[PDB]
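Listed next as structure tokens is one chain, alone, in the form deposited in one PDB entry.
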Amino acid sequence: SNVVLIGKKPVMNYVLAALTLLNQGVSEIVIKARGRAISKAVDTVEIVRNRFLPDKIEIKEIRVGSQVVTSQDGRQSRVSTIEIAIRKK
């Protein structure tokens, strides 16, 4: 996989899921999120690179975008998305 999808749980869950992949071979992982979760996704990246693997992880690419969404009543809208690819320095 190599992808950590940010959801509703507390940050820790995701930084751990992230560290697990890294500290398990995979040298590049991607943190993905949408809507308000975008902040946690960034938090996750920072916590990982700063509090657990200082100077051992770099950000390869960040990508933001928009995803179309359809509600129960059929109306459309968009939610922002983010994709942060990080790897072992």
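Between two forms, the rigid core is defined as the largest C-alpha subset superposing within 1.5 Å. Only residues modelled in both forms are compared. Residues carry their position along the shown sequence, with the first being 1.
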Stretch exceeding the other in mean C-alpha B-factor - 53-61, 28-36: 53-61
If you average the CA temperature factors over each stretch, which comes out higher, 19-27 or 68-76? 19-27
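Although it is not shown, the form deposited in another entry is what the next lines describe.
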Would residue 25 count as moving between the shown form and the other one, using a Cα shift of 2 angstroms or more after superposing the core as the test? no
Against the rigid core, is the Cα displacement of residue 75 between the shown form and the other one at least 2 Å? yes
Can you give me the runs of at least three consecutive residues whose Cα atoms all move 2 Å or more between the shown form and the other one, with the core used for the fit? 70-77
